[PDB]
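Student:
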DNA sequence: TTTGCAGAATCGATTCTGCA
DNA sequence: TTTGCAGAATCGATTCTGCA
Ligand SMILES: [Zn+2]
Ligand SMILES: [Zn+2]
Ligand SMILES: [Zn+2]
Ligand SMILES: [Zn+2]
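Chains as they are written, first to last, in PDB author numbering: chain C, 471 to 522; chain C', 471 to 522. A prime marks a further copy of an entry chain.
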């Protein structure tokens, strides 16, 4: 439950898994319209709303 | 007192002059450290504080 | 009728939390 | 003990406002 990079602590493994993407670079949420990509749903949800 | 581009209205000519930079591209406030540049003082003040 | 500073509000975009 | 959604809080960076 600890980001081995930034040292912050996170309520679950699930989320840690996710939180790591932002160090690792993994961005699995792909935009159906442009090549913008996202490590977390909320961000794609935002991008979709604001640009599409 | 009206931005001829976005149509917003601005309390003075002074500021309009400034506000236009962000359409025109003029960025006259130069960073003494990197090539980052700014149309408004506050922004350079921020950049300076946070990155230098 | 104009110049200015120093901070507020806002914006785009992200990560974290409440609740389920 | 784990998955998830939908929104909060935060972040970096900018433009606008209060006050002088
Ligand atoms: Zn981390
Ligand atoms: Zn897109
Ligand atoms: Zn304008
Ligand atoms: Zn700089």
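Don't be surprised by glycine CBs; every beta carbon is placed ideally from N, CA and C.
Could you check what DSSP says for residue 484(C') in three-state terms: helix, strand or coil?
Tutor: In the three-state reduction of the DSSP assignment, residue 484(C') falls in the helix class.
Student: For a test of your reading of the model: does the CB of residue 478(C') fall under 8 Å from any non-hydrogen atom of ligand 3? Yes or no.
Tutor: yes
Student: With distances taken between CB atoms, is the gap from residue 516(C) to residue 507(C) smaller than 9 Å?
Tutor: no
Student: Taking the C-alpha atoms as reference points, what is the distance between residue 487(C) and residue 472(C)?
Tutor: 10 Å
Student: Rounded C-beta distance between residue 491(C') and residue 509(C')? I'm assuming under 8 Å.
Tutor: 4 Å
Student: Can you tell me which of the three DSSP states residue 516(C') falls into?
Tutor: helix
Student: Using the beta carbon as the reference atom, which residues fall closer than 5 Å to any heavy atom of ligand 4, ordered along the chain?
Tutor: 501(C'), 503(C'), 504(C') and 506(C')
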